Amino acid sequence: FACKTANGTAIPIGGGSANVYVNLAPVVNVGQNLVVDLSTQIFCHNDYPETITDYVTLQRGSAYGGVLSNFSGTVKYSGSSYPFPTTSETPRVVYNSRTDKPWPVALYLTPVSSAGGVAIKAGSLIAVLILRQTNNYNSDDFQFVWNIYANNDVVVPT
């Protein structure tokens, strides 16, 4: 089991970490969602589907900088919604193919009432998402750490 980003940055068997640079909607009004869809950014696969089933969860999702200060978050994992920053490990997603499958994580961020102006700064860390991988074969328990960065400023109109 290993993962890669849309630009080809890989995290090999055993886990590790990688940076993910995301383009964000430049203008987000109070009452609207800023959607950060990681399913177009992070892809994973099973290296031995003939014998092994891989189990994948979002173990933790943490908010940073402007996302932590200016937004009220929700994380959607494989069609179910949870608070973001996270309060528990999600259920598992099964990886049973050698063909790349997107990691089904999306952040839904709505401005808090005090937000206004430059709510997210270009180049800042916005989130850290922990992908946890286990299997039905051995004792492997690996973490694939995704450091999410904003490519641009996000303005919340006043």
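Note that residue numbering follows the sequence shown and begins at 1.
S.K.: With respect to the recorded C-alpha B factors, which stretch has the higher mean value, 3-11 or 148-156?
M.R.: Higher mean C-alpha B-factor in the PDB entry: 3-11.
S.K.: Ranked by Cα temperature factor within the chain, is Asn96 in the lowest third, the middle third or the highest third?
M.R.: For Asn96, whose C-alpha B-factor we compare with every modelled residue in the chain, the answer is the middle third.
S.K.: Test of reading the entry: by CA B factor among the chain's modelled residues, which third contains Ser39?
M.R.: It belongs to the middle third of the chain when residues are ordered by C-alpha B-factor.
S.K.: Quick check for you: using the entry's CA B-factors within this chain, is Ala106 in the lowest, middle or highest third?
M.R.: Answer is middle: the recorded C-alpha B-factor places it there.
S.K.: Going by the entry, which third of its chain does the Cα temperature factor of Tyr77 land in?
M.R.: It belongs to the middle third of the chain when residues are ordered by C-alpha B-factor.
S.K.: Of the three thirds of its chain by CA temperature factor, lowest, middle or highest, which one includes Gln32?
M.R.: Highest third.
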